[PDB]
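In: Starting from these lines, generate the structure:
(9 chains, ligands or ions: 11)
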Amino acid sequence: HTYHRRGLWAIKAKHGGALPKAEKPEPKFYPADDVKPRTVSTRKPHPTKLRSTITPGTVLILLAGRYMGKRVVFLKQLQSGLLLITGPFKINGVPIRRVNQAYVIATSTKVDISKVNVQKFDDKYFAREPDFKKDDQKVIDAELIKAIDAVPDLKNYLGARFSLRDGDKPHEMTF
Amino acid sequence: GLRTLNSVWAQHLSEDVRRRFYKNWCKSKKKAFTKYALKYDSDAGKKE
Amino acid sequence: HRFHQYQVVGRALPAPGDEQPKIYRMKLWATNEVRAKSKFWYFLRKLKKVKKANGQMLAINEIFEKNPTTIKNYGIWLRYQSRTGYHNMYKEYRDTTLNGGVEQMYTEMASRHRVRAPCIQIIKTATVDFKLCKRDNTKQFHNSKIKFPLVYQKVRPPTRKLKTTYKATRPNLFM
Amino acid sequence: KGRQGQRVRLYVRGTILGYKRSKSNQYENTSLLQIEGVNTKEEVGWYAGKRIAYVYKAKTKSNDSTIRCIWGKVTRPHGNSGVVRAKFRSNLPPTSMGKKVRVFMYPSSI
Amino acid sequence: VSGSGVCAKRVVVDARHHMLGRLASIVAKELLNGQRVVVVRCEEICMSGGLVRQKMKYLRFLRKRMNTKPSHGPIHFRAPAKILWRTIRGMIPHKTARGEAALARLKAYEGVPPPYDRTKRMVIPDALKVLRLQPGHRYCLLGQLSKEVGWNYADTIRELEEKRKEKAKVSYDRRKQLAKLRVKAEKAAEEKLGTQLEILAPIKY
Amino acid sequence: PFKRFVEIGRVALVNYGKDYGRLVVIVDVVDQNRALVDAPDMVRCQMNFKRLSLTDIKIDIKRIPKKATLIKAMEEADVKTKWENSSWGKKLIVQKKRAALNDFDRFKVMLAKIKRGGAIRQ
RNA sequence: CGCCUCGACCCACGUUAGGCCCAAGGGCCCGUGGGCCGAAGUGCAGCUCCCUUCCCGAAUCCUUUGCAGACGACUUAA
RNA sequence: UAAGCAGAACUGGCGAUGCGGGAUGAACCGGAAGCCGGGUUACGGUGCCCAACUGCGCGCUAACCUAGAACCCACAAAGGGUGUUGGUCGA
RNA sequence: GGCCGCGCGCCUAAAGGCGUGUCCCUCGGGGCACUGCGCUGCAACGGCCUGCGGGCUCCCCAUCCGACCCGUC
Ligand SMILES: [K+]
Ligand SMILES: [K+]
Ligand SMILES: [K+]
Ligand SMILES: [Mg+2]
Ligand SMILES: [Mg+2]
Ligand SMILES: [Mg+2]
Ligand SMILES: [Mg+2]
Ligand SMILES: [Mg+2]
Ligand SMILES: [Mg+2]
Ligand SMILES: [Mg+2]
Ligand SMILES: [Mg+2]
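Out: Numbering: from 1, shown residues only, chains lettered A, B, ... in the order given. Ligands and ions are numbered 1, 2, ... in the order given. Please find the structure below.
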């Protein structure tokens, strides 16, 4: 509940802000109606907040899509705000993908991914426009299968889909 | 209440009683109980 | 607690006739302070000749149970109005506070005699030693070897989350 | 057991009880829904905002499919015992009361 | 009162020693919500107030009849299952198509006819007499009331029910032998895989 | 011949409350519906018998023991683990345990239960 | 009886002033891609780039009768 | 004698007014109103019909008279009871 | 549930954000402040577009709720 504009300072931004007078900047057709021109908007929409239970290397259950119920490891949160996930593709067959923060559930099981390089993966990599994608996927699992093998039973856990069964109350389950 | 369990008929039925099963006895082929009577001839039929 | 005990102090308005009038105090049982002061001015008008318009309210303080962890025997002398006449009666109760006894008294009068709160006047309240208790059903709980079973169990789930319409077998309860 | 059909279930089964009602008039803008396993007004808050789908079979094919879907969400609790109010894009047909609805977990706060 | 929410194909309720109007109230809500309910052993439903009060209540009901054409008037069913059917109908908007459909999902029987003799029969906790009635107060059984007012199939119901209980008693003896065999099997299989089942120990009941 | 009575020293289990699952000792009886109950971790208060389930444990005390006297009897009469090692007290314990298990542990319980189940059949 | 143009998993009787219990609040499930000891029965890997439902021989009429009848219907015969 | 009778005083109401409750009803209780979305209340209710607890708590009652169960309101009396439960004053 | 009008003329930083001097405040670190001119319709992504697609104020039917026949004294 912090008041950013609590004080009339405005100078911690532009300390050397004592500057001079501003300098203000044929149609070939006239539209017959006074339409205010559309310029690009100068508003910064304050990027989305990551859920505090999702941290790099934590496990996610997918809630919708063609991979509903897939137990998947979380890697990174992209600039657009979509989480970066991998299956990995060897165990459950889920490739590298970006998923919305909704449609996933953050479990309390974690994996260390510190020595894993996820840098070239970003929003531009998923631009709607494959052999090298197979290589990138191939070189990101072998860096992660071993850490999955480090924890007992984590491999068979990641290779199974989550499902609700008789008598299961999602609002009581710990995960 | 009471319910009919099953019924067993005799091998020979006169035509007087077989007329009771027809609205028009003389226009029909008079086939009533003709195949039922065959159980009394074989041995599987007698078993039933 | 539903009922509270208050000590209300007031007097007639200081007038040139007296200028130092007498002080009157009462111990009244009410649900809050506003209802305690109203009942005080009711008794001052009817018992003395000082009503609220000619009087001054000096103090109002709530009385509290000294030891709310022990069990006392509580006698209450009361005046109540029935459908035909007025009668006074003596009642005895067992409680950890005199507040509970007064709530018990009001509930019992409502059930056994169909008498509402307005038609009741608490004449006197006191604590009675177990040697001097008069009513039965108070002495029978003075047994130091008091022993009995629970003849009505009220089989129910604990927190309403475990409630189901159907059950696979009949309950077994014993005492 | 070797069964066929759906392999995973990521929804809980709800039943439509009716409409927001009084003794003398009713309101189609909100439906009353009972979710399996939800027994209190307090644990309804977990499901508040969760998406809901009503699935029924129509008579003609639409996209080479004979099944239609109407989407809604859980809006608030109704009463003390776990029944909830739900708002759908279009009001549910009164013929749908007594039928089944699917309550997902798609908008997740956890 | 809302529905069960259990969303099954059909629930079979063993009506023995339930209070009639409290059982009918819960069943009516289930039917109105879309559940199929099968009620068996309707001859052993209980009504508070003994036989005498319940019998004269029926006799007053038996008095009611259309003066000019009785076969049009109220129909007074004598069997316990039809009596419970009519008690439930009184709690349902049965002149609407919704209540017509609701009442078509209810099946009521005297005794336990097949196939429900081999299925699971549940109970309603808040309709059971043992939780609803003080132990000293009077009550009667539905079959006793029905027998007093014209029902004539109490003997065949009783004879069939004795035969059913004999068969169930034999199936119970067999199930106990298979349970002792099972406990020996889980004991021997406990040591053979003793190491693997360490995680199940703290939740063993 | 009933099995459990309420008297001075009966250990009871609180059902149906915020304090559900806690153990209290009956130290005094108010009337037919209420009893004074005292525990190691709470101040003495009266409770309705409708919210108490009597256990099979009973300790030795007088009517109004001090808190220190109550603690000693609850140790001389070894109540905490007698409650916990009984099947009744155990059921409440593992009910908490099962609900506490998270998704990964529940998947491992499934792996162990399947292994255990196939061994019984063999 | 005769005659043929979305795991839909689960069987004790009986009693609650009694039979370890104190609710199936359980248990089970790779959960992971010939008598019916007749109430008789359905019996014992990607790019699908971030959600779009998870698609599984007689009868009738015309004729006859009169044990029937307002007419139909009914009992007969052909 | 009384009357949903006949006649006056003050105010409100119906007539001229829907809407929620009183099962139903000109007048009773609540409340007065453009077409809507969201939130909350009044009166009245939360076993089913019927939306909302078979909720938490103490007593009383047992009706072999159709026990009893919502202002107006749809009735009951004098008098009785060794039915049962509280009291008061006495031997 | 309904709505979409701070940011840059210094630098670094995906971006949120940080980075100057002055006086005062104490007890570690801030606070109140410099105020000079201008410009000034929030976004991201998806499916579909001649089809068994979308819509509908039109017609018929089903269901739930509501609903007594107008005029008149
Ligand atoms: K046939
Ligand atoms: K009396
Ligand atoms: K006229
Ligand atoms: Mg309701
Ligand atoms: Mg008759
Ligand atoms: Mg007029
Ligand atoms: Mg008029
Ligand atoms: Mg509103
Ligand atoms: Mg109750
Ligand atoms: Mg009325
Ligand atoms: Mg009298």
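In: got a list of what whichever residue of chain B sits closest to RNA strand H touches?
Out: Of all residues in chain B, residue B:1 sits closest to RNA strand H, at 32.0 Å by CB to the nearest atom of the strand. No exception for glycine: its C-beta is placed from N, CA and C like everyone else's. Counting by CB atoms under 8 Å, 6 or more residues apart in numbering or on different chains, residue B:1 touches residue E:153.
In: Recalculate using a threshold of 7 Å.
Out: Counting by CB atoms under 7 Å, 6 or more residues apart in numbering or on different chains, residue B:1 touches no other residue.
In: Check which helix or strand it maps to.
Out: In this assignment (DSSP states H and E), residue B:1 forms part of neither any helix nor any strand.
In: so who does residue 47 touch?
Out: Chain wasn't specified; assuming chain A. residue A:81.
In: my bad, chain D
Out: A:171, D:35, D:38, D:74, D:84, D:103.
In: for the helix or strand containing residue A:135, which positions count as buried?
Out: According to DSSP H and E, residue A:135 maps onto helix A:131-150. Within helix A:131-150, the residues that count as buried by 16 or more other CB atoms under 10 Å in any protein chain shown are A:137, A:140, A:141, A:144, A:147, A:148.
In: Pull stretch E:110-128 out as PDB, backbone CA atoms only.
Out: Output in PDB follows, covering the C-alpha atoms of stretch E:110-128 (Å, rounded to 0.1, in the frame of the first residue of the first chain):
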ATOM      1  CA  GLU E 110     -41.900 -54.500   0.000                       C
ATOM      2  CA  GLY E 111     -39.100 -56.800   1.000                       C
ATOM      3  CA  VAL E 112     -35.900 -56.900  -1.100                       C
ATOM      4  CA  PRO E 113     -36.800 -58.400  -4.600                       C
ATOM      5  CA  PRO E 114     -34.000 -59.100  -7.000                       C
ATOM      6  CA  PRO E 115     -31.600 -57.700  -8.100                       C
ATOM      7  CA  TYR E 116     -31.300 -55.500  -5.000                       C
ATOM      8  CA  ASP E 117     -30.800 -58.500  -2.700                       C
ATOM      9  CA  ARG E 118     -27.300 -58.700  -4.100                       C
ATOM     10  CA  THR E 119     -26.600 -54.900  -4.200                       C
ATOM     11  CA  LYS E 120     -25.600 -52.400  -1.600                       C
ATOM     12  CA  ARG E 121     -28.400 -50.800   0.400                       C
ATOM     13  CA  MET E 122     -27.700 -47.500   2.200                       C
ATOM     14  CA  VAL E 123     -29.300 -45.800   5.200                       C
ATOM     15  CA  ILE E 124     -30.300 -42.100   5.800                       C
ATOM     16  CA  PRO E 125     -28.800 -41.000   9.100                       C
ATOM     17  CA  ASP E 126     -31.200 -38.200   9.700                       C
ATOM     18  CA  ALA E 127     -34.300 -40.400   9.100                       C
ATOM     19  CA  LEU E 128     -33.200 -43.400  11.300                       C
END
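In: Report the distance from that stretch to the chain centre.
Out: 5 Å (CA atoms, centre = their mean, to the nearest Å).
In: hmm, that stretch touching RNA strand H?
Out: Yes. On the criterion CB under 7 Å from any atom of the strand, stretch E:110-128 is in touch with RNA strand H at E:126, E:127.
In: how many other residues sit next to residue 55?
Out: If you meant another chain, say so; for now it's chain A. 12 (other CB atoms under 10 Å in any protein chain shown).
In: nope, chain D please
Out: Residue D:55: 12 neighbours (other CB under 10 Å).
In: doesn't it fall inside a strand?
Out: Yes. According to DSSP: H, G, I helix; E, B strand; the rest coil, residue D:55 belongs to a strand.
In: what about it, distance to residue D:61?
Out: Separation of residue D:55 from residue D:61 (CB to CB, to the nearest Å) stands at 16 Å.
In: ditto for residue B:32
Out: From residue B:32 to residue D:61 the distance is 52 Å (CB to CB).
In: Comparing the two, which residue is more hemmed in?
Out: Shown here are residue B:32 and residue D:61; by other CB under 10 Å, residue B:32 has more neighbours (17 against 9).
In: Helix or strand for the more buried one, just tell me which one.
Out: Using DSSP H and E, no helix or strand contains residue B:32.
In: Residue B:21 is in contact with that one, correct?
Out: Yes. Counting by CB atoms under 7 Å, residue B:32 does reach residue B:21; the two are 4.6 Å apart.
In: Any residue of the longest strand belonging to chain D touching RNA strand H?
Out: In chain D, with assignment by DSSP state E, the single longest strand is strand D:67-78. Yes. Residues of strand D:67-78 are located near RNA strand H by CB under 7 Å from any atom of the strand, namely D:75, D:76, D:78.
In: Which one (most neighbours) among the residues you listed?
Out: residue D:78 leads the residues of strand D:67-78 next to RNA strand H on contacts (other CB under 10 Å) with 21 neighbours.
In: Find the residue closest to that one in space, skipping its chain neighbours.
Out: residue D:85 (5.1 Å; CB to CB, 6 or more residues apart in numbering or on different chains).
In: helix or strand for the one you found, which one?
Out: Per DSSP H and E: strand D:83-88 holds residue D:85.
In: so does that strand get close to RNA strand G?
Out: No. Using CB under 7 Å from any atom of the strand, strand D:83-88 stays clear of RNA strand G, with a minimum separation of 13.4 Å.
In: The helix holding residue A:135 - contacts with which helices or strands?
Out: helix A:154-158 (3 or more CB pairs under 7 Å, 6 or more residues apart in numbering or on different chains; DSSP states H and E).
In: Run the chain-centre distance for the helix it packs on.
Out: 23 Å.
In: Convert it to CSV, retaining C-alpha atoms only.
Out: In CSV, the C-alpha atoms belonging to helix A:154-158 read as follows (Å, rounded to 0.1, in the frame of the first residue of the first chain):
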residue,chain,number,x,y,z
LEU,A,154,10.5,-38.5,-9.8
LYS,A,155,10.9,-40.0,-13.2
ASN,A,156,7.7,-42.2,-13.0
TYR,A,157,6.0,-39.2,-11.3
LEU,A,158,6.7,-36.9,-14.2
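In: Could you measure from the closest residue to residue C:5 other than its chain neighbours over to RNA strand I?
Out: In space, and not counting its chain neighbours, residue C:5 is closest to residue C:63: 4.1 Å by CB to CB, 6+ apart. Distance from residue C:63 to RNA strand I, counting by CB to the nearest atom of the strand, to the nearest Å: 43 Å.
In: show me the contacts for the residue in chain A positioned nearest to chain C.
Out: Using CB to the nearest CB, the closest approach of chain A to chain C is made by residue A:172 at 8.1 Å. When the contact criterion is CB under 7 Å, 6+ apart, the partners of residue A:172 are residue F:99.
In: ditto for residue A:140
Out: Here residue A:140 is in contact with A:86, A:96, A:116 (CB under 7 Å, 6+ apart).
In: Out of those, which end up buried?
Out: Listed as buried from the contacts of residue A:140 are A:86, A:96, A:116; burial here means 16+ other CB under 10 Å.
In: can I get those residues in JSON lines with secondary structure?
Out: What follows is the buried ones among the contacts of residue A:140, written out as JSON lines (three-state DSSP):
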{"residue": "A:86", "secondary structure": "strand"}
{"residue": "A:96", "secondary structure": "coil"}
{"residue": "A:116", "secondary structure": "coil"}
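In: Could you dump those into a markdown table and include distance to RNA strand I?
Out: Listed next are the buried ones among the contacts of residue A:140 as a markdown table, based on distance: CB to the nearest atom of the strand, whole Å:
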| residue | distance to RNA strand I |
| --- | --- |
| A:86 | 20 |
| A:96 | 17 |
| A:116 | 17 |
